[PDB]
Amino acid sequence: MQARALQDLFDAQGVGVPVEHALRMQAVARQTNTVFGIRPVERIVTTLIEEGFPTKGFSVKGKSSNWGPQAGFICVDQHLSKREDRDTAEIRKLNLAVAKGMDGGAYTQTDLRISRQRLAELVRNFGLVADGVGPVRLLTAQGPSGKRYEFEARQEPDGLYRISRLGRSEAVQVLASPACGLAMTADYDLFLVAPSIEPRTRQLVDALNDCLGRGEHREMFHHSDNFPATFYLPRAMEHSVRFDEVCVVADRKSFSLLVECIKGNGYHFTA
């Protein structure tokens, strides 16, 4: 499967998995003779994945952000998450849940720090406004409630822009990996595993993390809303519709047809 074909597919479907990752994960599907599907990966986290940020595990509580400079991360203050629409009680419950997991070795917190390229991408594609030049910039972002939030972007000595709410001294706090101390982005979540006939998923998770080779404590898969999902097949399958070695299932109806296709080709799954 050619890279430009898969990039065009992912661009049209709104899939955030890097094409290189999809090709390596399709190889594992071929080598293990196993069909598997991954939960949605938004394009707003593609840069964070390619920049090497670690990913959240099942023990990470709290909702991520789809707006502002905090997009793709999980803020300690859930008022900056994608649930910025919700009322006081739901945010405080999300805050308590984030505070609950913080009281343990599950995860920690760190300053929101993003690169020039990340800032330019958020401005170009995801509705961020950035005023000024050089090491200090003023950011304006509109939350899902329509309220606009202001942030200062201040370059630190290693080249990243530390993000703080305007007028405040404390940077925006985001959940961080306890191992490497970096902010965590979204993971690759296996939601279907169909091995060939002709929780036993730890071997596939380890094989997938090995083929991606992101390095220690930077795994995409963890040992542990559904669409658009990406599926990875040992070979292109037909049943008259055809699913390619890498395919996108946009909704439940496409998923129902894919299930019948993999079962018809001798692949079993029971979840």
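Throughout, we count residues from 1 along the sequence that is shown.
- prompt: Relative to the deposited sequence, how many residues with no modelled coordinates occur between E198 and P199 (none, 1 to 3, 4 to 9, 10 or more)?
  reply: Per the record, 10 or more deposited residues are absent between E198 and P199.
query: From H239 on to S240, does the model leave out none, 1 to 3, 4 to 9, or 10 or more residues of the deposited sequence?
result: Some 4 to 9 residues are missing between them.
- prompt: Taking the recorded C-alpha temperature factors, which stretch has the higher mean, 131 to 139 or 169 to 177?
  reply: Between 131 to 139 and 169 to 177, it is 169 to 177.
message: Going by the mean C-alpha B-factor recorded in the entry, which is higher: 45 to 53 or 32 to 40?
response: Going by the record's values, the stretch with the higher mean is 32 to 40.
message: Quiz for you: based on the deposited Cα B-factor, which of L112, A153, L96, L119 is highest?
response: Result of the comparison over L112, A153, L96, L119: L96.
- prompt: Looking at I163, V123, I91, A71, which has the highest Cα B-factor in the entry?
  reply: In this record, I91 carries the highest C-alpha B-factor of the candidates.
task: Would you mind checking where the Cα B-factor of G159 ranks among the modelled residues of its chain, as the lowest, middle or highest third?
output: For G159, the deposited C-alpha B-factor lands in the lowest third.
Chain-wide C-alpha B factor ranking for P234, given as lowest, middle or highest third: Highest third, going by the recorded CA B-factors of the chain.
- prompt: If you rank every modelled residue in this chain by C-alpha B factor, which third holds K263: lowest, middle or highest?
  reply: Highest third of the chain for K263's C-alpha B-factor.
field: Third of the chain's Cα B-factor distribution that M184 belongs to, per the entry
entry: Lowest third.
query: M220: which third of its chain by C-alpha temperature factor?
result: Its C-alpha B-factor belongs to the lowest third of this chain's values.
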